[PDB]
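In full-length UniProt numbering, the protein residues as written are 4 to 115, 122 to 166, 176 to 327.
Have a look at this one:
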C-alpha cells in the first residue's frame, strides 16, 4: 500500500439497492450483447465481473428500481469500457487521428448511424433506452456532459488548478446527470442559481478527490498517470505521500461540509426565493438526497470492493 488510508468523514451511511444481483446479471449479459466482452480485444467477462460496477450503481443509486438500476449500470459499464477501449486501440498505439474521428463519431449516436465499434453500439442502445424517460433539457445537458467526459480523453499531445479543472472535466457531473435520472431532474429555475452551482462544485470536488485517494496505487505508481490530487499536493508542497493523502482528505472533508451546508440549508432557501412550486421542490430535495447517496455509496464501493482489485 502506498499510504495508510486517512480518516474519512462519513455523515451519511451507504444504502444498498435490493435489485443488485439483477443488475449484475443484466450488465454482464448486456455487455456481452454489445460485444464489449471477449472478442473485443479490450475486456473479458472475468474483467467486468471483477470490476463489479453493479455494486457501484446499487450503492450509489439505492432508491431506484431494478430496470433503472440496470440502465445506469449499463451506462457505467459503457463509459468504463470507453476509457479502456480508448486507452487500448488508440492511446496505446498512439494514433491520434483514429481516436479523433472516433470522438467525432460518438456524439452522432445521441440525437436531440451504424456503429463501427462496441462503444458506438453501447452508446446507441443506451441512448435508445434512456431518452424516453427524460425531458429534452436533460437530454441536452447530459449529452453535453457526456461529450465533455469523452473529449477529455483527447489528451495525448497546482492544487487549485487541478481541483478546478477536474471539477469541469471530471465524471462527477455525468454521474450527477444519471443521479437526476435516478431520482428527479433539477428545475430550470434554480438550475443557474449559486447554491446549486456550489452544490455541484463541492460534490464534484469531493468525488474526484476521493477517487484520487483510492486510485493512487493503480494510476500514479503503476500506470504513471500524472493527474492525481495526492501526487499534485505531494509535488507542490514537497510533502510525503501520507501527508498529501491527509491534506487531500482534509480538503475532501471541507468540501463535504460545504456540500451538506449549501444542500440542506441554502438550496431550499433559494428554492423558496425563486417561487418554486412544492412539486419541483420535492424534485430538488430528491436530487440532493441522490447526490448524498451517490457519495456515500461511492466511498462504500471503493472501500468494500475496488481497492482489493
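Cβ atoms here follow ideal geometry from the backbone N, Cα and C, with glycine treated the same way.
Residue 244 and residue 160 have their C-alpha atoms some 18 Å from each other.
Per DSSP, residue 32 is one residue of the alpha helix (DSSP H) stretching across 23–37.
In this structure, the beta-carbon distance from residue 124 to residue 43 does not fall below 8 Å.
Between residue 154 and residue 38 the beta-carbon gap is near 25 Å, outside 8 Å, which marks them as no contact.
Look at residue 60 here: in three-state DSSP terms it is helix. For residue 40, the three-state secondary structure derived from DSSP is coil. Residue 83 places its beta carbon less than 8 Å from that of residue 54. Under the DSSP assignment, residue 308 falls in the alpha helix (DSSP H) whose first and last residues are 296–322.
For residue 83, the enclosing alpha helix (DSSP H) covers residues 69–92. A direct Cα-to-Cα measurement between residue 30 and residue 139 gives close to 15 Å. When rounded, the separation of the alpha-carbon atoms in residue 268 and residue 10 is 9 Å. For residue 49, the enclosing alpha helix (DSSP H) stretches over residues 48–54. Bounds of any alpha helix (DSSP H) do not take in residue 162, whose DSSP letter is neither H nor E. Counting along the chain, residue 103 sits inside the alpha helix (DSSP H) bounded by residues 99–108. In the DSSP assignment, residue 267 falls within the alpha helix (DSSP H) that extends over 259–279.
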